[PDB]
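Quick look at final.txt (compact mmCIF, C-alpha atoms and all ligand atoms):
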```
# COMPACT_ATOMS: atom_id res chain seq x y z
CA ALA A 11 34.37 14.69 -42.76
CA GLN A 12 32.53 11.99 -44.71
CA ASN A 13 28.86 12.55 -45.60
CA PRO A 14 28.68 16.12 -44.28
CA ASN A 15 25.12 16.65 -45.58
CA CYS A 16 23.97 13.56 -43.57
CA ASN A 17 22.39 11.77 -46.50
CA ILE A 18 21.04 8.29 -46.15
CA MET A 19 23.61 5.92 -47.73
CA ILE A 20 22.84 2.63 -49.45
CA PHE A 21 25.35 -0.22 -49.37
CA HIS A 22 25.79 -3.27 -51.56
CA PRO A 23 28.20 -5.57 -49.71
CA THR A 24 29.69 -8.53 -51.56
CA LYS A 25 29.25 -12.01 -50.15
CA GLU A 26 32.73 -11.79 -48.67
CA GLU A 27 32.03 -8.42 -47.10
CA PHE A 28 28.77 -9.96 -45.60
CA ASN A 29 30.68 -12.31 -43.35
CA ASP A 30 31.81 -10.10 -40.61
CA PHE A 31 28.90 -8.00 -39.29
CA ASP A 32 30.85 -5.78 -36.92
CA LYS A 33 33.47 -5.04 -39.54
CA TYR A 34 30.89 -3.92 -42.06
CA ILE A 35 29.13 -1.61 -39.60
CA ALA A 36 32.49 -0.04 -38.91
CA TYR A 37 33.11 0.29 -42.65
CA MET A 38 29.77 2.01 -43.18
CA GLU A 39 30.65 4.45 -40.42
CA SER A 40 34.09 5.10 -42.02
CA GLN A 41 32.10 6.34 -45.03
CA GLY A 42 29.94 8.63 -42.84
CA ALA A 43 26.77 6.52 -42.90
CA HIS A 44 25.92 7.20 -39.30
CA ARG A 45 25.64 10.91 -39.90
CA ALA A 46 22.23 10.32 -41.49
CA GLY A 47 20.91 8.27 -38.56
CA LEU A 48 19.84 5.48 -40.96
CA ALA A 49 21.45 3.36 -43.73
CA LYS A 50 20.12 0.76 -46.11
CA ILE A 51 22.02 -2.49 -46.78
CA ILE A 52 21.09 -4.57 -49.81
CA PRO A 53 22.33 -8.14 -49.23
CA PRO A 54 24.46 -9.88 -51.95
CA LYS A 55 22.48 -11.80 -54.49
CA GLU A 56 23.82 -15.11 -53.12
CA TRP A 57 22.22 -14.54 -49.68
CA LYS A 58 18.86 -15.51 -48.30
CA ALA A 59 17.25 -15.23 -44.87
CA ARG A 60 15.39 -18.54 -45.14
CA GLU A 61 14.12 -20.83 -47.89
CA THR A 62 10.48 -19.75 -48.05
CA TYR A 63 7.81 -17.84 -46.16
CA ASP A 64 5.08 -20.43 -47.01
CA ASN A 65 4.85 -21.82 -43.49
CA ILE A 66 4.42 -18.74 -41.19
CA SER A 67 0.65 -18.57 -40.95
CA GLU A 68 0.38 -20.30 -37.60
CA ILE A 69 2.60 -17.79 -35.70
CA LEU A 70 0.43 -16.15 -33.03
CA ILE A 71 0.03 -12.44 -32.54
CA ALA A 72 -1.09 -12.61 -28.91
CA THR A 73 -1.84 -8.91 -28.59
CA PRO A 74 -2.53 -7.09 -31.88
CA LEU A 75 -2.58 -3.34 -31.32
CA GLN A 76 -5.10 -0.93 -32.92
CA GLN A 77 -3.40 2.38 -33.43
CA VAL A 78 -5.90 5.16 -32.71
CA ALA A 79 -4.87 8.68 -33.61
CA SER A 80 -5.69 12.11 -32.08
CA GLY A 81 -4.76 15.53 -33.35
CA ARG A 82 -4.38 16.92 -36.86
CA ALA A 83 -3.19 15.19 -39.98
CA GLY A 84 0.37 16.29 -39.70
CA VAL A 85 0.72 16.46 -35.89
CA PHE A 86 -0.91 13.65 -33.96
CA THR A 87 -0.44 11.07 -31.24
CA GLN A 88 -1.52 7.47 -31.31
CA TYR A 89 -2.53 5.11 -28.55
CA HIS A 90 -2.54 1.41 -28.75
CA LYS A 91 -5.77 -0.42 -28.06
CA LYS A 92 -5.28 -4.10 -27.35
CA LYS A 93 -7.27 -6.54 -29.53
CA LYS A 94 -7.93 -10.24 -29.28
CA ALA A 95 -5.23 -12.72 -30.39
CA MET A 96 -4.99 -13.83 -33.91
CA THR A 97 -2.68 -15.90 -36.11
CA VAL A 98 -0.51 -14.43 -38.82
CA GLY A 99 -2.86 -16.07 -41.38
CA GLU A 100 -5.82 -14.38 -39.81
CA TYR A 101 -3.95 -11.04 -39.63
CA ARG A 102 -2.93 -11.27 -43.26
CA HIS A 103 -6.57 -11.78 -44.27
CA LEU A 104 -7.54 -8.77 -42.20
CA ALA A 105 -4.82 -6.61 -43.71
CA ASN A 106 -6.08 -7.55 -47.21
CA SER A 107 -9.74 -6.81 -46.38
CA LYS A 108 -11.54 -3.88 -47.94
CA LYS A 109 -11.48 -2.01 -44.65
CA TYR A 110 -7.66 -2.20 -44.25
CA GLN A 111 -6.10 -2.84 -47.62
CA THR A 112 -3.70 -0.42 -49.35
CA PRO A 113 -5.62 1.87 -51.76
CA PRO A 114 -4.81 2.16 -55.39
CA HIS A 115 -1.81 4.35 -55.96
CA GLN A 116 0.65 5.46 -58.65
CA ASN A 117 3.95 5.12 -56.92
CA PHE A 118 5.53 5.40 -53.44
CA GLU A 119 5.28 9.20 -53.43
CA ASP A 120 1.53 9.09 -54.16
CA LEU A 121 1.03 6.57 -51.36
CA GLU A 122 3.07 8.75 -49.00
CA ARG A 123 0.78 11.68 -49.82
CA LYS A 124 -2.22 9.57 -49.10
CA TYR A 125 -0.73 8.37 -45.78
CA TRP A 126 -0.16 11.81 -44.47
CA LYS A 127 -3.52 13.13 -45.70
CA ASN A 128 -5.63 10.31 -44.33
CA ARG A 129 -3.80 8.36 -41.61
CA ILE A 130 -5.62 9.94 -38.69
CA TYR A 131 -9.06 8.91 -40.03
CA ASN A 132 -8.28 5.21 -39.74
CA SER A 133 -7.13 2.88 -36.98
CA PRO A 134 -4.89 0.14 -38.44
CA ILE A 135 -3.93 -2.94 -36.43
CA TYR A 136 -0.20 -3.68 -35.92
CA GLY A 137 1.28 -7.07 -34.73
CA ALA A 138 4.31 -5.50 -33.19
CA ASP A 139 6.92 -6.53 -30.76
CA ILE A 140 6.59 -10.40 -30.93
CA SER A 141 9.67 -12.21 -29.56
CA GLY A 142 10.96 -14.55 -32.23
CA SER A 143 12.93 -14.94 -35.46
CA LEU A 144 12.33 -15.95 -39.08
CA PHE A 145 15.99 -16.41 -39.97
CA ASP A 146 16.95 -20.02 -40.71
CA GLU A 147 19.44 -21.32 -38.21
CA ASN A 148 21.70 -22.20 -41.10
CA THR A 149 21.88 -18.57 -42.33
CA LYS A 150 25.27 -17.51 -41.05
CA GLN A 151 25.51 -13.96 -42.38
CA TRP A 152 23.42 -11.10 -40.92
CA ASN A 153 21.25 -13.47 -38.96
CA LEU A 154 19.54 -11.12 -36.44
CA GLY A 155 19.22 -13.91 -33.88
CA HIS A 156 23.01 -14.58 -33.88
CA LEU A 157 24.44 -11.20 -33.35
CA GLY A 158 26.92 -10.37 -30.52
CA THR A 159 24.91 -9.33 -27.51
CA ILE A 160 24.86 -5.84 -26.01
CA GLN A 161 25.76 -7.36 -22.60
CA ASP A 162 28.85 -8.85 -24.11
CA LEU A 163 29.77 -5.57 -25.80
CA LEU A 164 29.38 -3.68 -22.48
CA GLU A 165 31.52 -6.33 -20.81
CA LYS A 166 34.14 -6.21 -23.49
CA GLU A 167 34.37 -2.38 -23.42
CA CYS A 168 34.03 -1.67 -19.79
CA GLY A 169 34.97 -4.94 -18.04
CA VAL A 170 31.74 -5.43 -16.03
CA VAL A 171 29.68 -8.51 -16.45
CA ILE A 172 25.94 -7.94 -16.36
CA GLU A 173 22.69 -9.86 -16.44
CA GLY A 174 20.31 -9.65 -19.38
CA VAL A 175 19.59 -11.01 -22.76
CA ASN A 176 19.16 -9.53 -26.31
CA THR A 177 16.68 -11.32 -28.68
CA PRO A 178 14.90 -10.26 -31.89
CA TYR A 179 11.36 -9.20 -32.40
CA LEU A 180 8.88 -9.69 -35.25
CA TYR A 181 6.51 -7.04 -36.57
CA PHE A 182 3.50 -7.83 -38.74
CA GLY A 183 2.17 -4.67 -40.42
CA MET A 184 -0.64 -3.43 -42.61
CA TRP A 185 -1.38 -0.29 -44.53
CA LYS A 186 -1.02 2.81 -42.32
CA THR A 187 0.55 1.00 -39.37
CA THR A 188 2.82 3.60 -37.88
CA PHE A 189 6.03 3.84 -35.88
CA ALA A 190 6.21 7.05 -33.90
CA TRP A 191 9.25 9.32 -33.63
CA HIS A 192 11.87 7.74 -31.35
CA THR A 193 15.44 6.79 -30.74
CA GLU A 194 16.23 3.32 -29.47
CA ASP A 195 16.38 2.41 -25.77
CA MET A 196 19.60 3.77 -24.34
CA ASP A 197 20.23 5.31 -27.83
CA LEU A 198 21.32 1.88 -29.11
CA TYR A 199 21.62 0.93 -32.76
CA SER A 200 18.83 -1.05 -34.36
CA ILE A 201 18.77 -3.31 -37.38
CA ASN A 202 15.58 -4.18 -39.22
CA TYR A 203 15.12 -6.77 -41.97
CA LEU A 204 11.97 -6.66 -44.07
CA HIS A 205 11.27 -10.37 -44.57
CA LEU A 206 8.26 -10.21 -46.83
CA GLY A 207 5.45 -8.15 -48.20
CA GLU A 208 4.87 -4.52 -48.85
CA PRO A 209 7.33 -1.71 -48.17
CA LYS A 210 8.11 0.41 -45.11
CA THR A 211 8.78 4.13 -45.47
CA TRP A 212 11.22 5.67 -42.99
CA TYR A 213 11.94 9.24 -41.89
CA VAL A 214 15.10 10.05 -39.92
CA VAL A 215 16.78 13.05 -38.28
CA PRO A 216 20.61 13.14 -38.25
CA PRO A 217 21.95 12.43 -34.73
CA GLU A 218 23.77 15.73 -34.67
CA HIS A 219 20.38 17.46 -35.02
CA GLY A 220 18.25 15.33 -32.72
CA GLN A 221 17.79 18.11 -30.20
CA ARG A 222 16.10 20.23 -32.93
CA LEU A 223 13.44 17.56 -33.27
CA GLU A 224 13.08 17.37 -29.49
CA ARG A 225 12.52 21.13 -29.26
CA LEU A 226 9.87 21.05 -31.98
CA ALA A 227 8.17 18.14 -30.29
CA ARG A 228 7.98 20.04 -27.01
CA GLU A 229 6.32 22.90 -28.87
CA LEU A 230 3.88 20.70 -30.72
CA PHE A 231 2.89 18.47 -27.79
CA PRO A 232 2.99 20.88 -24.96
CA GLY A 233 0.92 18.85 -22.40
CA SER A 234 3.05 15.76 -23.03
CA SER A 235 6.21 17.75 -22.60
CA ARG A 236 5.06 19.09 -19.16
CA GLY A 237 4.33 15.51 -18.17
CA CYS A 238 7.77 14.17 -19.03
CA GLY A 239 11.17 15.61 -19.96
CA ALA A 240 11.74 12.68 -22.42
CA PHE A 241 8.21 12.01 -23.67
CA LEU A 242 9.39 10.88 -27.11
CA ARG A 243 10.48 7.73 -25.18
CA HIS A 244 6.71 7.01 -24.97
CA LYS A 245 6.74 6.35 -28.70
CA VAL A 246 3.36 7.98 -29.47
CA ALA A 247 4.08 11.23 -31.37
CA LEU A 248 3.95 11.78 -35.12
CA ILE A 249 5.03 14.85 -37.05
CA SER A 250 4.75 14.86 -40.88
CA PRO A 251 7.52 15.71 -43.34
CA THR A 252 5.58 18.85 -44.29
CA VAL A 253 5.55 20.08 -40.71
CA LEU A 254 9.22 19.23 -40.26
CA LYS A 255 10.09 21.24 -43.41
CA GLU A 256 7.95 24.18 -42.24
CA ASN A 257 9.92 24.20 -39.03
CA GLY A 258 13.34 23.83 -40.62
CA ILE A 259 14.08 20.40 -39.09
CA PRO A 260 16.77 18.50 -41.00
CA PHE A 261 15.58 15.04 -42.03
CA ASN A 262 15.65 12.44 -44.77
CA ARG A 263 13.35 9.74 -46.06
CA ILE A 264 13.68 6.39 -47.75
CA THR A 265 11.55 3.40 -48.56
CA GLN A 266 12.67 -0.13 -47.53
CA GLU A 267 11.54 -3.06 -49.65
CA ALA A 268 11.36 -6.76 -48.88
CA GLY A 269 14.81 -8.32 -48.72
CA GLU A 270 16.54 -5.18 -47.48
CA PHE A 271 18.11 -4.26 -44.15
CA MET A 272 17.97 -0.89 -42.45
CA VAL A 273 20.34 0.12 -39.64
CA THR A 274 19.53 2.97 -37.30
CA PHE A 275 22.46 4.62 -35.57
CA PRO A 276 22.74 5.89 -31.98
CA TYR A 277 20.50 8.88 -31.33
CA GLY A 278 19.02 8.77 -34.87
CA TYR A 279 15.36 9.71 -34.43
CA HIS A 280 13.14 7.79 -36.81
CA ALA A 281 9.46 7.27 -37.68
CA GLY A 282 7.54 5.69 -40.53
CA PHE A 283 4.75 3.62 -41.87
CA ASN A 284 3.96 0.37 -43.63
CA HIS A 285 2.51 0.24 -47.13
CA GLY A 286 0.49 -2.95 -46.75
CA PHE A 287 0.80 -6.41 -45.21
CA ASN A 288 4.41 -7.12 -44.27
CA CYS A 289 6.66 -8.81 -41.78
CA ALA A 290 9.87 -7.30 -40.37
CA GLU A 291 12.41 -8.50 -37.79
CA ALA A 292 14.45 -6.12 -35.71
CA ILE A 293 16.88 -6.11 -32.80
CA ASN A 294 19.03 -3.62 -30.93
CA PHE A 295 22.82 -3.89 -30.95
CA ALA A 296 25.86 -1.98 -29.75
CA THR A 297 29.40 -1.24 -30.90
CA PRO A 298 32.25 0.50 -29.12
CA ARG A 299 31.09 3.81 -30.49
CA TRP A 300 27.70 3.42 -28.80
CA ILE A 301 29.04 3.55 -25.25
CA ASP A 302 29.31 7.32 -25.18
CA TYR A 303 25.75 7.65 -26.47
CA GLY A 304 24.48 5.22 -23.87
CA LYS A 305 26.12 7.28 -21.11
CA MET A 306 24.29 10.42 -22.29
CA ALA A 307 20.90 8.93 -23.30
CA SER A 308 17.81 10.62 -21.95
CA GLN A 309 15.57 8.81 -19.88
CA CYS A 310 11.83 8.75 -19.11
CA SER A 311 11.16 8.35 -15.40
CA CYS A 312 7.43 9.32 -15.43
CA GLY A 313 6.21 5.74 -15.68
CA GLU A 314 5.03 5.72 -19.25
CA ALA A 315 7.94 4.26 -21.20
CA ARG A 316 8.17 0.84 -19.35
CA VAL A 317 10.91 -1.32 -20.96
CA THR A 318 12.64 -4.65 -20.92
CA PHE A 319 14.49 -6.28 -18.14
CA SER A 320 17.87 -5.81 -19.76
CA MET A 321 17.75 -1.99 -19.66
CA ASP A 322 18.21 -2.05 -15.91
CA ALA A 323 21.88 -2.93 -16.09
CA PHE A 324 22.56 -0.40 -18.84
CA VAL A 325 21.20 2.42 -16.71
CA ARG A 326 22.79 1.05 -13.56
CA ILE A 327 26.29 0.87 -15.00
CA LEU A 328 26.30 3.73 -17.50
CA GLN A 329 24.07 6.22 -15.64
CA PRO A 330 24.40 5.57 -11.94
CA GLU A 331 23.27 9.10 -10.98
CA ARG A 332 19.99 8.59 -12.89
CA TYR A 333 19.37 5.01 -11.85
CA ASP A 334 17.29 5.45 -8.67
CA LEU A 335 14.88 7.89 -10.40
CA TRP A 336 14.58 5.77 -13.50
CA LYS A 337 13.96 2.57 -11.55
CA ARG A 338 11.16 4.29 -9.57
CA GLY A 339 9.59 4.99 -13.00
CA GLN A 340 9.88 1.30 -13.73
CA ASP A 341 8.01 0.54 -10.37
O1 LIG A 401 9.31 -1.45 -38.03
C1 LIG A 401 8.80 -0.79 -37.05
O2 LIG A 401 7.56 -0.73 -36.69
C2 LIG A 401 9.65 -0.02 -36.10
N1 LIG A 401 11.10 -0.38 -36.21
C3 LIG A 401 12.08 0.31 -35.67
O3 LIG A 401 11.84 1.39 -35.01
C4 LIG A 401 13.46 -0.17 -35.75
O4 LIG A 401 13.74 -1.17 -36.45
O5 LIG A 401 14.29 0.50 -35.07
MG MG A 402 3.39 -21.06 -38.87
NI NI A 403 13.39 2.00 -33.86
ZN ZN A 404 7.83 9.66 -19.56
```
Rewritten as structure tokens:
Amino acid sequence: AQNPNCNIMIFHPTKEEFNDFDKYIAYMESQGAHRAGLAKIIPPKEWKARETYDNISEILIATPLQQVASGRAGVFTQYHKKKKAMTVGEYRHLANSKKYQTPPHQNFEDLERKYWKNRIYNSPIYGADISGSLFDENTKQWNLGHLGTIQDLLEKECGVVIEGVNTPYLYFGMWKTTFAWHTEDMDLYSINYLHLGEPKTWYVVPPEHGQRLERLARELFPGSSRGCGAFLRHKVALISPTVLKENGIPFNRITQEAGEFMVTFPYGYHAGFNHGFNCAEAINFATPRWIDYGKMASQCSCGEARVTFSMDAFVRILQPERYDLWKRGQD
């Protein structure tokens, strides 16, 4: 069995290997990459996403979200308070302000220490989940707006044509902006390209051990767990690496820098934080190997998770027994 310790693998595809996206995902899996839940892909030196980032300031962040924490430093939830619209230029200035800017630090490990010590005492503002793309239309390799769609994959594998669309999303971050512990909708893959700016640190639990994280989470957030049998779908709970280690939860960590891709694999729980002002693009995707995970994915039906239009067909076709309850949670 390849990668039996479930380490995060880093790949350096050549320009030739960068042509065929599906083929390379399958290659990474042949080497055991998916066992970690997360892989990093460093693009060949010949590749670029676009020519420059000099002209992005006028993008609108219609609903910036202030991420307010509750709990203790290593075990907390966050809620998202909606703020007034602002441009990316305005958001960048805010991120760089004394109130929000990254503190002085020695290295990534020092900044990680500072994150986990102090995150809860601040409320950073995240420009998350903005439909759009920063890839140039002429970028033919690993262009996240040009991937094969999940509806087409489902139709190819299973024969059923379904409604729905699959487009990318932009994320504008600042110091301490946080992504809570989650797997993707329907336990899909995700891919995330860090276009510009400061790094993103990731934590990940191997898919084969995801239920260990779920059991810890139920213990640590006992009210939330009574409320919903899949409350991590709410995407609000944080647990620090120190707490995970104290509880024997297998995990790994890695820092993504600008110009690098990360892929999350089906049922790979992940969480993390941004180091300073940055912009990432991400999308969900599927492969043949996903279908079995999609059939078994948990679902939130309590009303909280509320998701895209396109998840309806995935539930309907892959989880017909669950569909009526889930759709009620949508309504
Ligand atoms: O970058 C973020 O805030 C969160 N991203 C992801 O969870 C992802 O790409 O799957
Ligand atoms: Mg612009
Ligand atoms: Ni994710
Ligand atoms: Zn729920």
Task: Among listed residues A:239, A:81, A:217, A:137, nearest residue 278 in chain A (using all atoms listed in the file) - done: A:217
Per-residue nearest contacts chain A to ligand LIG 401 (chain A), cut-off 6 Å, using all atoms listed in the file, as JSON lines:
```
{"residue": "A:189", "atom": "CA", "partner": "A:LIG401", "partner_atom": "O2", "distance": 4.9}
{"residue": "A:200", "atom": "CA", "partner": "A:LIG401", "partner_atom": "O5", "distance": 4.8}
{"residue": "A:201", "atom": "CA", "partner": "A:LIG401", "partner_atom": "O4", "distance": 5.5}
{"residue": "A:202", "atom": "CA", "partner": "A:LIG401", "partner_atom": "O4", "distance": 4.5}
{"residue": "A:292", "atom": "CA", "partner": "A:LIG401", "partner_atom": "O4", "distance": 5.1}
```
Just-selected residues, C-alpha atoms written as a PDB file, in the coordinates of the input:
```pdb
ATOM      1  CA  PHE A 189       6.030   3.840 -35.880  1.00  0.00           C
ATOM      2  CA  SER A 200      18.830  -1.050 -34.360  1.00  0.00           C
ATOM      3  CA  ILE A 201      18.770  -3.310 -37.380  1.00  0.00           C
ATOM      4  CA  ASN A 202      15.580  -4.180 -39.220  1.00  0.00           C
ATOM      5  CA  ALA A 292      14.450  -6.120 -35.710  1.00  0.00           C
TER       6      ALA A 292
END
```
Task: Surrounding residues as JSON, numbers by chain, ligand ZN 404 (chain A), max 7 Å, only C-alpha atoms and all ligand atoms - done: {"A": [237, 238, 239, 240, 241, 243, 244, 310, 311, 312, 313, 314, 315]}
Next, write the just-selected residues to a file, as a short mmCIF file (atom, residue, chain, number, x, y, z; two decimals), in the frame of the given file, keeping C-alpha atoms as the atom set.
```cif
data_model
loop_
_atom_site.label_atom_id
_atom_site.label_comp_id
_atom_site.auth_asym_id
_atom_site.auth_seq_id
_atom_site.Cartn_x
_atom_site.Cartn_y
_atom_site.Cartn_z
CA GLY A 237 4.33 15.51 -18.17
CA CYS A 238 7.77 14.17 -19.03
CA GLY A 239 11.17 15.61 -19.96
CA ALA A 240 11.74 12.68 -22.42
CA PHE A 241 8.21 12.01 -23.67
CA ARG A 243 10.48 7.73 -25.18
CA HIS A 244 6.71 7.01 -24.97
CA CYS A 310 11.83 8.75 -19.11
CA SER A 311 11.16 8.35 -15.40
CA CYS A 312 7.43 9.32 -15.43
CA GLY A 313 6.21 5.74 -15.68
CA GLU A 314 5.03 5.72 -19.25
CA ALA A 315 7.94 4.26 -21.20
#
```
Open item on the list: Report, in Å with one decimal, the straight-line distance from CA of residue 255 in chain A to CA of residue 211 in chain A.
Closed with: 17.3 Å
Per residue of chain A within 12 Å of ligand NI 403 (chain A), record the nearest atom pair and its distance in Å to one decimal, counting all atoms listed in the file, with rows in chain order and ascending residue number, as a tab-separated table.
```
residue	atom	partner	partner_atom	distance
A:47	CA	A:NI403	NI	10.9
A:48	CA	A:NI403	NI	10.2
A:138	CA	A:NI403	NI	11.8
A:139	CA	A:NI403	NI	11.1
A:179	CA	A:NI403	NI	11.5
A:181	CA	A:NI403	NI	11.7
A:188	CA	A:NI403	NI	11.4
A:189	CA	A:NI403	NI	7.9
A:190	CA	A:NI403	NI	8.8
A:191	CA	A:NI403	NI	8.4
A:192	CA	A:NI403	NI	6.4
A:193	CA	A:NI403	NI	6.1
A:194	CA	A:NI403	NI	5.4
A:195	CA	A:NI403	NI	8.6
A:196	CA	A:NI403	NI	11.5
A:197	CA	A:NI403	NI	9.7
A:198	CA	A:NI403	NI	9.2
A:199	CA	A:NI403	NI	8.4
A:200	CA	A:NI403	NI	6.3
A:201	CA	A:NI403	NI	8.3
A:202	CA	A:NI403	NI	8.5
A:212	CA	A:NI403	NI	10.1
A:213	CA	A:NI403	NI	10.9
A:214	CA	A:NI403	NI	10.2
A:242	CA	A:NI403	NI	11.8
A:243	CA	A:NI403	NI	10.8
A:245	CA	A:NI403	NI	9.5
A:272	CA	A:NI403	NI	10.2
A:273	CA	A:NI403	NI	9.2
A:274	CA	A:NI403	NI	7.1
A:275	CA	A:NI403	NI	9.6
A:276	CA	A:NI403	NI	10.3
A:277	CA	A:NI403	NI	10.2
A:278	CA	A:NI403	NI	8.9
A:279	CA	A:NI403	NI	8.0
A:280	CA	A:NI403	NI	6.5
A:281	CA	A:NI403	NI	7.6
A:282	CA	A:NI403	NI	9.6
A:283	CA	A:NI403	NI	11.9
A:290	CA	A:NI403	NI	11.9
A:291	CA	A:NI403	NI	11.3
A:292	CA	A:NI403	NI	8.4
A:293	CA	A:NI403	NI	8.9
A:294	CA	A:NI403	NI	8.5
A:295	CA	A:NI403	NI	11.5
```
Task: Neighbourhood of ligand MG 402 (chain A) at 8 Å, counting only C-alpha atoms and all ligand atoms, reported as a PyMOL selection string - done: chain A and resi 65-69+98
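Atom pair CA of residue 105 in chain A / CA of residue 135 in chain A: separated by 8.2 Å.
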Range 222-236 of chain A from the block above: N, CA, C and O atoms written as a compact mmCIF listing (two decimals), in the first residue's frame:
```txt
# COMPACT_ATOMS: atom_id res chain seq x y z
N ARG A 222 -12.68 9.52 13.51
CA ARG A 222 -12.03 9.87 14.81
C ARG A 222 -12.17 11.34 15.05
O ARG A 222 -12.44 11.78 16.21
N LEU A 223 -12.00 12.18 14.03
CA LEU A 223 -12.23 13.59 14.21
C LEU A 223 -13.71 13.88 14.54
O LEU A 223 -13.99 14.71 15.42
N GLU A 224 -14.60 13.24 13.85
CA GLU A 224 -16.04 13.43 14.12
C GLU A 224 -16.35 13.08 15.60
O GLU A 224 -17.11 13.84 16.24
N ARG A 225 -15.82 12.00 16.10
CA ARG A 225 -16.12 11.64 17.49
C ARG A 225 -15.57 12.64 18.42
O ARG A 225 -16.25 13.01 19.40
N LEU A 226 -14.37 13.17 18.23
CA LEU A 226 -13.82 14.22 19.07
C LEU A 226 -14.69 15.41 18.99
O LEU A 226 -14.96 16.08 20.00
N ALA A 227 -15.08 15.82 17.78
CA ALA A 227 -15.90 17.02 17.64
C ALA A 227 -17.21 16.88 18.43
O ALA A 227 -17.66 17.87 19.04
N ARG A 228 -17.81 15.72 18.38
CA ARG A 228 -19.06 15.56 19.17
C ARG A 228 -18.79 15.76 20.66
O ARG A 228 -19.63 16.39 21.36
N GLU A 229 -17.67 15.29 21.14
CA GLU A 229 -17.29 15.50 22.54
C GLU A 229 -17.03 16.92 22.82
O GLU A 229 -17.40 17.39 23.97
N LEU A 230 -16.36 17.66 21.99
CA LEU A 230 -15.95 19.01 22.25
C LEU A 230 -17.02 20.07 22.03
O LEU A 230 -16.91 21.19 22.57
N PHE A 231 -18.00 19.77 21.23
CA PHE A 231 -19.12 20.66 20.90
C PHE A 231 -20.42 19.94 21.13
O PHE A 231 -21.18 19.60 20.26
N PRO A 232 -20.72 19.66 22.44
CA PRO A 232 -21.76 18.75 22.70
C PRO A 232 -23.23 19.31 22.37
O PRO A 232 -23.99 18.52 21.88
N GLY A 233 -23.41 20.57 22.59
CA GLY A 233 -24.71 21.20 22.16
C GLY A 233 -24.94 21.11 20.65
O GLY A 233 -26.00 20.73 20.11
N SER A 234 -23.86 21.40 19.94
CA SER A 234 -23.95 21.40 18.44
C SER A 234 -24.23 19.99 17.96
O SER A 234 -25.03 19.75 17.05
N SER A 235 -23.64 19.01 18.57
CA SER A 235 -23.81 17.64 18.19
C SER A 235 -25.24 17.16 18.45
O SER A 235 -25.80 16.49 17.62
N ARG A 236 -25.84 17.57 19.58
CA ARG A 236 -27.29 17.26 19.82
C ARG A 236 -28.17 17.92 18.78
O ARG A 236 -29.18 17.37 18.39
```
